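Student: pasting the structure only:
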RNA sequence: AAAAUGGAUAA
RNA sequence: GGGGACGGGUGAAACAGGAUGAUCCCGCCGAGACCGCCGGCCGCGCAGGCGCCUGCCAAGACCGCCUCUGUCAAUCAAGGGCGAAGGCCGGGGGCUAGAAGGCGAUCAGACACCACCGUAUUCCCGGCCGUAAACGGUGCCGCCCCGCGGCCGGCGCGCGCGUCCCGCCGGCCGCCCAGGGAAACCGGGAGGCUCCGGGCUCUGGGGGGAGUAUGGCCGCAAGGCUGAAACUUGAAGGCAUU
């Protein structure tokens, strides 16, 4: 272990605060949901703090959360 | 309290001073 | 019956002892005996004893199990006198000092509600209920302070549960629920889903409003058990 | 000199605490400078241990126990020996004895 | 049965018996009447003498079951019984008066009205 | 009549001037009551003393 | 429970 | 309604209350205060401070964040607001404590301490006042700084899946590695200084006289803020060790 700040282990940067990284940037990402008529990608904000609606439907796909937004239907990981 | 009693003693002298000034003014 | 048949001085030279009969709800319906000056003067003998309230332990009132009902008292107010034997109806229910002191402990949350429920008879009773929440089984922190959301939930839940376990209940039905401590046990199941609670119990149910002429209720609580 | 870092009180982040009175002196000392030792004892003295229970008619009745916190003032406590004058080294240790 | 109210107050311990309603006193005695020394008035020896003289007055009355409602000066001070509280019970032991529930009945305060001595206390 | 009592065991001296050796006791006529009483002057284990009052024991230990 | 005092000046 | 004798009170007492029935209990009734236990190396507030029940409004940090601008920042004269307690003004209140006042004991004398009684006050609503050992006796932003911790508020990742484990940030704290200092000791600074220099603001210069005098100014007052000199004196004073 003679790791120096120039090259920090990826997990270290992923563990620390997104401003206290040697390279600062977005903690959040885009995570898919599944909807009626869709086996394809339906990307949404991972940390949505606002209502997203079923494409062409009245019901809201993502529940509002201070953190990553939760969902009530089938969902797909990150980007696929 | 010993210093506060000194402050009370000064305030009474200061108050007697203002009544005395009024009598002679 | 210890002064009419006995010799005692001045006040007790002329006195007689009249029985106190508890409601039909209890098992040992004797409360005890009352010294009263015998019928003399403007007042009538059993006309003084009708307004004297008698406080007797539920454990004494129901013989057989003593840890249950041992620390919980029953207030019983004379409401009528039949055959020289005064009869009494519920005047309230009070957990005694030893059983109020035992529950409070350092580190845990305390909940007190004040609830006014009017009986069908016309007795609005102020029901006081105490609750504390301990640890969730094995917990990292010995102190057991919980979230405020699940503190209002305990408080709103108690008022709703108190309505649920005390709907349109007449005094018999109210007393029977305090006879078997059924309501407090229900409180264990209402607040069970949320953070574990302890000592969820009715500390007091004080009669606040009394309708006069409840001889109807007195017969119901003295001899309607045979009908039901 | 600062005999103790807590400065004699447990007041932390508040700047004010609710004030109570010595059971003995009746001196008003804020909750933080208060002895407060919880007391639980049998109401009759343990000398009447079972003499009462043998006298008691009701089966399985346990002697009532008081559960009262006693709140004494610092001045009253040292003279009633509820806590003594500890050594400089001894002061830091807690561990209720 | 009977309720034995022992006010184990400092200055004097009071043993007064009533029977379920609290309006009928079947016997009132107190440690003060039995001792010449005003300071030795709440003492156990006074309690022993005051009771026993009382327990003949409740057997002459005819009762034998006493539930002890022991009390402390309480209110806005005290909350701990004087030495007289046990001694009266020991006098009850001497006659062996069958006993019921012994729940304490000192008046307790829910948010007080404050007590004497100021905020500096009694500077005895 | 005064009761009959002999010390079951011994306890230490009191009063700050000594003198008050404390001793436990038992009653030959009775239940051998194991009450604590105080004595003035020399005592031995199982030695006999006169307990005039009987009804109440003296101060605990 | 009740207890006040002690010259200056060197040692 | 009892019912039957002294009841307080103390260190011991004494003054008061009582056969006009005292103390005591128990059922009331009226009043105002107060929100016990839970009540804390808890939390929240810009401090002072803040703890019954529900309802009601507005508010605040912190965290989360693939939101928005785009230097809008720091710190402060002068000025504006708030500020415990006590005071004071005009209404109210009025339970309890209780400045004054009386009183008992207390001693040489206590007019002090300890009892007993009690007005102002405490309480409330509109005002003033502007002080505190207002304390962490440590200004305000900024940044690096070593391990073991406890609590607390969000906020994540894996484990079996727990109110776990590792923590990520904002605080609340205890021990303390350096290092500093006259030391007590701070060490999330009182460290990174004589190997001295991030910025803004206040404030001191031996000890008395002295927060005194006067000149203002503010206040109904009580007083507050600013603020002397003449004159004196050799020590005053900090932390330590015996």
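Tutor: Yep, that arrived. Numbering: from 1, shown residues only, chains lettered A, B, ... in the order given.

Student: which parts of chain E are helices?
Tutor: E:44-57, E:84-95 (DSSP state H).

Student: of all those, which one comes closest to chain D?
Tutor: With C-beta to the nearest C-beta as the criterion, chain D lies closest to helix E:84-95 of these, at 4.6 Å. Yep, even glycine has a C-beta here, placed from its N, CA and C like the rest.

Student: helices or strands up against that closest one?
Tutor: Judged by 3 or more C-beta pairs under 8 Å, 6 or more residues apart in numbering or on different chains; DSSP states H and E, helix E:84-95 is in contact with helix D:51-55, strand E:2-8, strand E:13-18, helix E:44-57, strand E:66-71.

Student: and the shortest one, how far out from the chain middle?
Tutor: So that's helix D:51-55. With C-alpha atoms, centre = their mean, to the nearest Å as the basis, helix D:51-55 stands 30 Å off its chain's centre.

Student: so which elements touch it?
Tutor: helix E:84-95.

Student: can you check the second one too?
Tutor: Applying 3+ C-beta pairs under 8 Å, 6+ apart, we find strand E:2-8 packed against strand E:13-18, strand E:66-71, helix E:84-95.

Student: with distance to residue D:34 and mean neighbour count as new columns, can those be given to me in JSON lines?
Tutor: Converted to JSON lines, the helices and strands packed on strand E:2-8 look like this (distance: least, C-beta to C-beta, whole Å; neighbours: other C-beta atoms under 10 Å in any protein chain shown):
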{"stretch": "strand E:13-18", "distance to residue D:34": "30", "mean neighbour count": "24"}
{"stretch": "strand E:66-71", "distance to residue D:34": "26", "mean neighbour count": "23"}
{"stretch": "helix E:84-95", "distance to residue D:34": "26", "mean neighbour count": "24"}
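
Student: surely residue A:25 is within a strand?
Tutor: No. Assignment of residue A:25 by DSSP: H, G, I helix; E, B strand; the rest coil gives coil, placing it outside any strand.

Student: list the contacts of the residue nearest the centre of chain D.
Tutor: Nearest residue to the geometric centre of chain D (C-alpha atoms, centre = their mean): residue D:37, 2.3 Å. Listed by C-beta atoms under 8 Å, 6 or more residues apart in numbering or on different chains, the contact partners of residue D:37 are D:69-70, D:72, D:82.

Student: out of the residues you listed, which one sits closest to residue A:48?
Tutor: residue D:69 (50.5 Å; C-beta to C-beta).

Student: tell me the strands beside the helix or strand harbouring the closest one, with direction?
Tutor: Using DSSP states H and E, residue D:69 maps to strand D:65-70. Strand pairing for strand D:65-70, using DSSP bridges, gives strand D:37-42 (antiparallel).

Student: and RNA strand H, is the strand it pairs with touching that?
Tutor: Yes. Remark: strand D:37-42 sits within contact range of RNA strand H at residue D:38, by C-beta under 7 Å from any atom of the strand.

Student: who are the neighbours in contact with residue E:97?
Tutor: With C-beta under 8 Å, 6+ apart, residue E:97 has these contacts: D:55, E:55, E:58, E:64-66.
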